[PDB]
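Worksheet for the structure shown next.
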2 protein chains.
Amino acid sequence: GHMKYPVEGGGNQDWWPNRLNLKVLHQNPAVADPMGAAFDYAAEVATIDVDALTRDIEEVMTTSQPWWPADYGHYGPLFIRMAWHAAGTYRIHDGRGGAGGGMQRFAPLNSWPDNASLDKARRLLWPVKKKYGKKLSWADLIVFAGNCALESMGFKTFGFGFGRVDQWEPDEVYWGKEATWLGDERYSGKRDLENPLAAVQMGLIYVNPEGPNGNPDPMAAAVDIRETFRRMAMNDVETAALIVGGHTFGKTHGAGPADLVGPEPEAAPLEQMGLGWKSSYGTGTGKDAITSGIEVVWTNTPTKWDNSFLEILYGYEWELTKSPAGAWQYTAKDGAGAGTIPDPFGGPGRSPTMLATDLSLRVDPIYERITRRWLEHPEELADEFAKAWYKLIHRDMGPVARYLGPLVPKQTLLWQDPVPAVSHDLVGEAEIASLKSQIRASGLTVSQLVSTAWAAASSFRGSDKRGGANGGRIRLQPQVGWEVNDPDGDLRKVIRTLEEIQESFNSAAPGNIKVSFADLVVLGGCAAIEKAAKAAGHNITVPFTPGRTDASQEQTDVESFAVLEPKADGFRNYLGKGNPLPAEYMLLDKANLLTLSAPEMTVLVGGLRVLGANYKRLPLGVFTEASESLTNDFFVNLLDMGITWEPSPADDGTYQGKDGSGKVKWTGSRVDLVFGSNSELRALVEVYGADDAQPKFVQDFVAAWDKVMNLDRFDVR
Amino acid sequence: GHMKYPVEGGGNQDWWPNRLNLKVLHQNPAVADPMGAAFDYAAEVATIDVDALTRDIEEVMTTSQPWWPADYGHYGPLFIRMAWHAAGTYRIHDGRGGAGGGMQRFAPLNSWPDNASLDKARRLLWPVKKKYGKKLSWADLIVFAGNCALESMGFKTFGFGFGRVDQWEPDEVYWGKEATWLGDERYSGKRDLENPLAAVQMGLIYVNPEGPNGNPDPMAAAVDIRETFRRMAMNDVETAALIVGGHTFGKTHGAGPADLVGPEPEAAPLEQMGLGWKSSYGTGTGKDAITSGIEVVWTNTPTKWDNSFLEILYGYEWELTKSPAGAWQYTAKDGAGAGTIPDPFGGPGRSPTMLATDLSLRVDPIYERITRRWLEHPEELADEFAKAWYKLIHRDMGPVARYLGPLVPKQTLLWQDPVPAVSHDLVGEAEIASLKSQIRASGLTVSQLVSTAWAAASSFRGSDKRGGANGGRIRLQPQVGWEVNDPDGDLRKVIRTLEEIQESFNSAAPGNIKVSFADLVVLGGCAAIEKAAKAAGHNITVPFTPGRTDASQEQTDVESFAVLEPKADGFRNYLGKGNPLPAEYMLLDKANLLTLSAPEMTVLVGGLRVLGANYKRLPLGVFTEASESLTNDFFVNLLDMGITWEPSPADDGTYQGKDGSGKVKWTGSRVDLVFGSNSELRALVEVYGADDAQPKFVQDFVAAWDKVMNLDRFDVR
Ligand code: HEM
Ligand code: HEM
Ligand code: NA
Ligand code: NA
């Protein structure tokens, strides 16, 4: 190999291939963002003319362009596929992928095989982005175009929320180890898909449309359909709704040989202006289009919503055949339906075809049962598709406070993890002061208070913006029983005391000020940090924003919340079984999910350690003689050359730190020592371990604690 | 191969390995910086007691630590090597390297083989950094330790300037293509060394202490010393003075086999807490230290400044021999000087030794003349050494206005590319106003005005902070005949014209006010942009900051300014020969040298295009119908799907863009089309090409224009 210029990707990773990469802690850095610091997308899109935008998209959808002519003179089905693929990278294990960031316009997603031809589709919408400018993100426009497509063609949607914020640099995501497009090294056991992946091969959205590994067996395919769609928050009824409603529209593209399609967009020459997959087959477009290389037209009305898709699936029998590109598909037996299905550009008319994955809907017995009932009762399909599509293109939007505009339905949805509206006056400064003192008199230790508040708030992940302290869910299932939150039952004692303080405050409060359990969880930790800072000779006030509300168990989907359980939390020195990488990688990933910078992550670790936030309160990384004191001791001691460090002889992922006499003075994990070992992190430790650094450390720790407590609080932003 | 998680370094570079890497335009991002945005290092270091700091550093030098015991009970010599290596990565071709960012503490430099044992060196200074905190950067501390070491041991230095701001991530720099440490793939012909490198092997500071490629030919070694030191701005006298001055102190370390030396610090295990090359030979330290593999102690007084180096070098005859670790070195013939050279830990006392590269000082004709003199005139060595040492450790400081603290001698030095003090009062507003007019009332066009300003300001590179518009050196040699600046034409007229307006204002001016050529060259470009903005219907004012002053040709080291000649400037669509990478990479690299973000580069390219900034007024990229109007036409037209691009038949490196009627309507280079082809650049273009973007584009253009105008203006901030 050969080292390259930094402008061509050279860097320290080439000399140290498994190097912890801190650039995950500064994604989308402000210097790369072209808008001012005052720029508030939510404010711009809040003033958009939605009706005007609908007409302009309608106009685009029916004005064929010569560089990519429009099947049946309507771009709608292309745009449905576009939005579906944009939202369809979402996966539940880490909440990443999805439509929320407009990531389909950037690498690698803009060059995935499954996104072939969506480069043209995005390009067709530049007229619309052009006219609305900063009032309309690409992220919002991409999925709104699909939503408008549906309604254009006869299907009434549930609603729509604007507010997805455009970004300027692709989120770098782990999409699998396979270094070959469409490779599959992601199954073990009996067909167990590698976590966190939610697609069956590298560069597919969900499943192979020719069946598992290109074997067009509808029964087997359905197993992949069910599991990948599960991993994208869709159950049996939603998955069936989505496939049937999607393939009510449009057609597939495989007019000629695949080997005549050029490089994907990121690999194409400059002259193609970001377009890829340039084809030399015929005109290379339109009548000659090659996208997947399958050539199916599901229904006789590809630009109208109706029940044709299921009427056709069940009203013919199907035999296996080959498209012009040589791909597996199904056509109707015995020349039935010959010439019943229209051509995209006026041609002679063709006979019914379905994909292998489509037959799964009638060959798999669960799917058969659902789709047959919709054959008989189509109105039920419309309802399920509407709910499913709405969830699909909004799944990663975060709390409902983020949904903007005149198309947002008012109804509450379980999958949104709803919290109640505020129903009383919120606590002011005086009640906040009083309540902090009451928490400090309750008997709860600094350690219990800080760790409870951290447990509740750090459940937020910035990918899909699920989790967090709002909702008071730490006292509900499943959070109340997560191993990291509740090693020893200590959490229930905390919850009880905070509930008693809530009750007594609320029954005594002055005229209709009430406080939620959710707020007192966070407030309690803020109060403990004030006390520990006073124990260390600093008088500081920890900020606090009231307005969290308490969800009930019935408004908390227990199984949906399963994916938010931490398997690793370096901030609590917790490391469960099953993580993909060593502990320090996991910490970085946890910091990334909390939206933390490297300095923010660094001060929280050092503060949390000396505050006693450690899982099971064990002494790893607790490099201080003081108890519940907010000092910078963690950084001073980590830089003490009087300590010698060696892996503990027990080979247990811990380290022994000995002073000059040889006596073991400190112990620590990989997560503790990586701050003393990694040259970028140690640089940060040297800032916070200086003689002059303690006031800055308290100050920056309180700011990062405040940030983490406030992560899900879009109701005040 | 296998793709990795992003936290383990994986990303889009792996699918497309030669892609344009925009990270080079957001180095040292602000979210990674632990200090405030308000942090002001000049204000912090101003408060430092330099005497107390000197004394504290002297404590460190004479207090030996057990984990790296001090040769001769004095760490001074080790710190001088540390300082010399900190500064010894600098190179004139791009000005990268140097001590000015403290980059020795980060990867890759912290782990170069030539930087072995300096991990221990930097570690020993932590007690100092701990005490001074944010008032003293590591970057300052590392070279100031070397300087203090010199003074400590009886050498009076010329001075020292503080002011190097610490950074938080490695500056990523192309150090060569060899993927092997010490590997050699950088030579062609008879010892022609690959540009832009200044070292003979990968991970060496300058040359191989055993002679080229381990061939201990002192005559041939001097060839590489002369060439490597010249590429770090040192001539023959400075180079001989540096080596003699350095090797007056300390020793090398090669007490046993190097296969007993463990991994370099970026590879070493967590428990080593940032240190590396852990060694199982003997105690692995002190008596048993192994650093380079050589074992030479040059003088009989390793902790004292005197003339022993050259007296030994010349007073003995030298024969080849092998260090305990199999390294080539020289020793005294005839057993002369037995037992005369003292042991660093009380051992018996040894014979004289020299490196092969030391012998070059006596073998090479040119060095031998210089050093023969110093054998009888140590006062001249001492003088040249102080001058050269001072220049080595300040080469990348930028303008003199930046040198901070009480140890800066006022004497002007030519290598600092000096500019005169402000002789008179400075043009005020009313004055500034009137002179825009006289310049608009000249026959100077927006094209020549804007282009001449840019030509001057854009000579600044942020690597070593040389260059820029202060000094008015555009009218001097060499800038005035740089192929890019005046392809044989308009320059001299703009120069001649602007000088005339200098008199007309000066020969008649209000009181003590005068104005420099340098300040007009900039203000010219400025008022032009006010004109081109008017022609586009926006009334705006471009900021301008007076204060520049004219240097003489006599104050302009013509050769020193040669390395500042653009072989490439995408902002003027100029692409000379010799460039190591295709045009679009040269574009990003030039924007990095100008400290520009990606949004800044984008607005600047679009804006200058439509002002005629182009080399030879070429039509490439000038996507506008307007003459000297400042619109966003470049962006709008770039995104025009009505245009079709293909490479010019000519194989020019140009492209034609045809309208529907097959007519060429635009032409462009790689640099122009990359803004429409690269997925991240095109995102920026779509911000500025939108309907509502004209005011914002002008604003950001001016703000970015201001920034490039002010790059060298450290005298005002
Ligand atoms: C089993 C999962 C699915 C598979 C395997 C699948 C596969 C495909 C394939 C291969 C194409 C043809 C691509 C081409 O060459 O042009 C296609 C087209 C399409 N799919 Fe899917 N699909 C799935 C689910 C969905 C879903 C959930 C939707 C949306 C609700 C959807 C909507 C569409 C649409 C609209 C097209 C038509 C594009 C056009 O008219 O140009 N599909 N699908
Ligand atoms: C041709 C140029 C040079 C070569 C080939 C060279 C080579 C070396 C080598 C191989 C070592 C051994 C390090 C070890 O094993 O501990 C060393 C040490 C040293 N170098 Fe040089 N060097 C050069 C220039 C300089 C310069 C320009 C300076 C200062 C201005 C300098 C100052 C020192 C000092 C003080 C030591 C002793 C450090 C100690 O006592 O640990 N060297 N040099
Ligand atoms: Na239909
Ligand atoms: Na000496």
Side-chain angles (χ1 to χ4, degrees), chain A residues 42 398-403 412 416-442 444 446 448-460 465-476 479 491 494-533 539-552 555-556 594-595 604 701-717:
Chain A
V400 202
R402 286 192 79 245
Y403 297 42
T412 75
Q416 278 170 337
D417 307 339
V419 301
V422 174
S423 68
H424 295 271
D425 294 313
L426 310 181
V427 281
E429 283 336 289
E431 299 78 15
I432 285 166
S434 150
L435 273 169
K436 288 198 254 197
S437 324
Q438 280 190 279
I439 287 139
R440 284 167 71 172
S442 61
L444 298 174
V446 160
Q448 298 169 327
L449 287 167
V450 165
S451 70
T452 301
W454 179 262
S458 70
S459 67
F460 172 104
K465 307 170 176 41
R466 295 188 63 206
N470 196 3
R473 282 184 166 104
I474 195 169
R475 73 170 164 187
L476 305 181
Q479 283 175 233
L491 172 80
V494 166
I495 295 171
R496 187 197 179 263
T497 300
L498 297 176
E499 287 174 333
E500 290 162 4
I501 290 168
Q502 185 200 10
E503 163 81 289
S504 71
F505 180 88
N506 280 336
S507 37
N512 188 66
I513 283 175
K514 303 295 154 128
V515 72
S516 57
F517 169 79
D519 266 346
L520 285 177
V521 165
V522 168
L523 184 59
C526 304
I529 285 165
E530 290 182 357
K531 167 170 171 174
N539 298 53
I540 43 147
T541 289
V542 178
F544 169 81
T545 297
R548 296 177 190 74
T549 41
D550 307 324
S552 63
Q555 328 160 323
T556 307
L594 293 172
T595 84
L604 282 163
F701 172 91
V702 165
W705 170 270
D706 188 46
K707 180 182 173 167
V708 169
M709 302 301 117
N710 280 349
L711 290 179
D712 61 5
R713 300 304 306 276
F714 298 95
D715 56 318
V716 314
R717 300 192 296 265

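Only heavy atoms go into these numbers, but all of them, side chains included; no hydrogens, no water, no symmetry mates. Here is how names work: the chains are called A, B, and so on, in the same order as the sequence lines, proteins then strands, and each is numbered from 1.
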* Find out whether A:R475 and A:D550 are in side-chain contact, i.e. whether some heavy atom of one side chain is under 4.5 Å from a heavy atom of the other. => yes
* **A:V419 and A:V400, any side-chain heavy atoms less than 4.5 Å apart** => no
* Say whether, by atom type as modelled, one donor and one acceptor occur between the side chain of A:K514 and the main chain of A:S423 under 3.5 angstrom. => no
* **Beyond-backbone contact of A:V542 with A:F701, side-chain heavy atoms, under 4.5 angstrom** => no
* Kindly check if the number of other-residue, nucleotide or ligand heavy atoms within 6.0 Å of CD (A:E503) is above 12? => no
* To do: Return the minimal non-hydrogen interatomic distance between A:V450 and A:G525, and the atom names on each side.
  => CG2-O, 4.1 Å
* Structure fact -> Heavy-atom closest pair (A:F460 atom, A:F714 atom, distance to 0.1 Å) is CE1-CE1, 4.2 Å
* To do: Would you indicate whether the side-chain heavy atoms of A:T541 and A:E530 approach each other to under 4.5 Å?
  => yes
* To do: Evaluate the criterion side-chain contact (heavy atoms from CB on, under 4.5 Å) for residue pair A:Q479 and A:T556; output intermediate values, then yes/no.
  => CA-CA 10 Å; A:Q479 283 175 233; A:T556 307; over 6 Å; no
* Measuring from A:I474:CD1 to A:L491:CG, what's the distance to the nearest 0.5 Å? -> 5.0 Å
* Asked: Would you say the side chain of A:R440 lies within less than 4.5 Å of the side chain of A:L449, judging by non-hydrogen atoms?
  -> no
* Look up atom NZ in A:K465 and atom CG in A:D417, then write down how far apart they are to the nearest 0.5 Å. => 14.5 Å
* To do: Would you mind reporting whether A:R548 and A:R713 have side-chain heavy atoms less than 4.5 Å apart?
  => yes
* Minimum heavy-atom separation for A:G547 to A:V422, with atom names? -> O-CG2, 3.9 Å
* Rounded to the nearest 0.5 Å, what separation is found between the CD1 atom of A:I513 and the CG atom of A:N506? -> 10.0 Å
* First locate atom CZ of A:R717, then atom CG of A:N710, and finally report the distance between them rounded to the nearest 0.5 Å. => 7.0 Å
* **Nearest atoms (heavy-atom pairs only) where A:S459 meets A:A456** => OG-O, 2.9 Å
* Asked: Does A:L523 reach the side chain of A:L498, with side-chain heavy atoms less than 4.5 Å apart?
  -> no
* Structure fact -> The reported gap from CZ in A:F517 to CZ in A:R473 (rounded to nearest 0.5 angstrom) is 12.5 Å
* **Separation between CG of A:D519 and CG of A:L435, rounded to the nearest 0.5 Å** => 9.5 Å
* Asked: Closest heavy-atom contact between A:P543 and A:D706?
  -> CB-OD1, 3.5 Å
* With side chains defined as the heavy atoms from C-beta onward, is the minimum distance between A:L520 and A:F505 less than 4.5 Å? -> no
* Between A:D712 and A:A469, which heavy-atom pair has the shortest distance, and what is it? -> OD2-N, 3.1 Å
